[PDB]
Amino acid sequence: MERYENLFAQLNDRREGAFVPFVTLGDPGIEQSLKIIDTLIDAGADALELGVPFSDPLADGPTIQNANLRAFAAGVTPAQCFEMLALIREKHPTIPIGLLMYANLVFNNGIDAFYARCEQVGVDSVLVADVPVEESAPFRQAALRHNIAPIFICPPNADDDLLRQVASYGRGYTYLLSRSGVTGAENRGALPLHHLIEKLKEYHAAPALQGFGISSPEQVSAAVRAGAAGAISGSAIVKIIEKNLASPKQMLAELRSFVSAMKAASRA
C-alpha cells in the first residue's frame, strides 16, 4: 500500500502538517489501549506510532519505560499486539500505522517473517530503535519485500554521508530527531533543524517528522514552519494515560483535548 505517500499528498494539498501520537500497545490494558487509539484518531491524529512492549527499551526515558512496564503488568505479548494491530486496521483503512520496535523482537522468529506479519495485519512502517544505518541491511530489505517502509533516524549531528544514506534507504517518513538522549517530554530540543530538513529534501528523502520532546502546540507549528511534514509526540500523550489510570473516562477526555490542540497547531 502507499498510506504515507497518500497522507502526505493530501496534507500538502491543504498546506497542513501531520500530527502523529505515540503510545505503547496494551498500556494500560488491551481494551483501554484500543479505546485510547480510537480516541487519538477521532481527535485528529494523522498517523500512529505504536510501541510493542519490550523488556529493554534503551531509547526510551522513564515515561515510556513505565508504559512498557504497565503493559507487561497487564500480560501484553507481541502476539496480542499483532492481534490489536489487525483490529485497528480493520476499523481504520487509510491511517498510516508505524511500529516502534527493538531489534530482538524483529529478529526473534526471523526478520523476514516479522515483516511478513506486519504486511498481513496492515502495518505501514517499522522503526527499529537499536538498529543504526550500519546494521540496517537485512531489516530494510525485508521491509521493502513486504511493502513496509523502513524508518531511518536523522540525528541533529548528522553529517552529509548519513543524510544521503537516510535519504536513499528510508521510505514513508524520515525521523528527524530533536535532540540527543532518549524519549521524554521533560527535555525539549533547542537546536534549529531547518538545514537538515532542506538537505533531506535536496536528497529526495521521505518527508521529515520531527520527534523527541514535542509536548506543546507551538512545537508542532514550529516543526511545520521549519519545513518538516509534521511532528510526533509520545511521552506527553503517555503522561495523560499515567495521570488518569483511575479514571478511564477522564483519560479519554484529556487525550481528546490534547490531540485536538496539537493537531490544530498543524493546520494552515
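A residue's number is simply how far along the shown sequence it sits, counting from 1.
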Is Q80 unresolved, in the sense of carrying no coordinates, in at least a third of the other compared entries? no
At least a third of the other compared entries lacking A116? no
Which has higher Cα B-factors on average according to the PDB entry: 193 to 201 or 87 to 95? 193 to 201
Is the mean CA B factor in the deposited entry higher across 226 to 234 or across 239 to 247? 239 to 247
For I148, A137, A167, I153, the deposited C-alpha B-factor is largest at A167
Selection from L144, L100, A158, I111 [criterion: highest C-alpha temperature factor in the record]: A158
Lowest, middle or highest third: where is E49 by C-alpha B factor in its chain? lowest
Quick one: classify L25 as lowest, middle or highest third of the chain based on its Cα B-factor. lowest
Compared with the other modelled residues in the chain, in which third is the CA B-factor of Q120? middle
Within this chain's modelled residues, let me know which third the CA B factor of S178 belongs to: lowest, middle or highest. highest
Within this chain's modelled residues, let me know which third the CA B factor of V106 belongs to: lowest, middle or highest. lowest
